[PDB]
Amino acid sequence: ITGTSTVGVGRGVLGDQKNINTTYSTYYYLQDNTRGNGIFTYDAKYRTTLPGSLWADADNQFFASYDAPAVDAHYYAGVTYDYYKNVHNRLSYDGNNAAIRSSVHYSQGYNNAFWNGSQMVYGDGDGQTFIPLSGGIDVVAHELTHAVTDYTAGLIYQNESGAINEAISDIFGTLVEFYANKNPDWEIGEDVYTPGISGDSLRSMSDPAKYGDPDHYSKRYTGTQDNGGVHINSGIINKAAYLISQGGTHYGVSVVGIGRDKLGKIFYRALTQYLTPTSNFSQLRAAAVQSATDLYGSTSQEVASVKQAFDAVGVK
């Protein structure tokens, strides 16, 4: 809606206090006018009708436990916006500053989050497997990254192209986690996953096999569950991306790490200029090699590391 830009203060899902950009018009709304065409956060009110109600608050203060997921979805959307803009010169997910919309309190005990083709959507979780999912910055950025991929490479959500889709969201979710620099790591979902158990997560890029996910092509899943294993075989690519950045020896293949920034650069370029909707793992390797070549030259260390990492995970 129309109104004045203001600044609220609230607490996130993990009890942390933070400032949020709000909009004032009778009520204080979760509308950030500082970023692109705006970031809008809605209340789905435990139902599944979307988007639900633009979040309205009487006093620009967001400390109620009910507020917390909206606080983080709003804040973390802004962080992710900043990453793509400051790091990749990308303006929102479509490159033209499209409004970013998120709904929270979707359904009841909903242990999931997603991009619905138009907006982000976060369950509260059931309190056992998940607490409210927007509490995880790598979750928020994974989801918004799905929007980026949809507008760019458009990787179809199935089989190897689908697993590439997932890895890209896991890669950029992690890189955004590092960008904000609060407890960053190469795990996925640790901040909102299983509040009863410390140290675990939904998936691991550093060691996919920690959670039953393949870390080598020879161990790929070939059946039909999970749209041909898009959340499973992503481990192969997650591990490759981990290797490219951090380095290491994997199945006896040594990889010289080149760090986060360049991993980001190579993959962002791969995603936006070389991947197509039907790209398989093998074409992803080629896309990444050509991206590293464009950026650093065909005889560079960067190129040699991309090749070593994909060799390491068994992708030719």
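Numbering starts at 1 and runs along the sequence shown.
In this entry, 83-91 has the higher mean Cα B-factor, the comparison being between 233-241 and 83-91. Two stretches are in play, 203-211 and 167-175, and the higher mean C-alpha B-factor belongs to 203-211.
Taking the deposited Cα B-factors for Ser161, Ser102, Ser134, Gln225, the highest one is held by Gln225. When the Cα B-factors of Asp43, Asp67, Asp261, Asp57 are read from the PDB record, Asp261 comes out highest.
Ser118: CA B factor lies in the middle third for its chain, per the PDB record. The PDB entry assigns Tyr221 a C-alpha temperature factor belonging to the highest third of its chain's modelled residues. Per the PDB record, residue ranking by Cα B-factor puts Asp138 in the lowest third of the chain. Ranked by C-alpha B-factor against the other modelled residues of its chain, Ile20 falls in the lowest third. Remark: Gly36 belongs to the lowest third of its chain, ranked by C-alpha B-factor as recorded.
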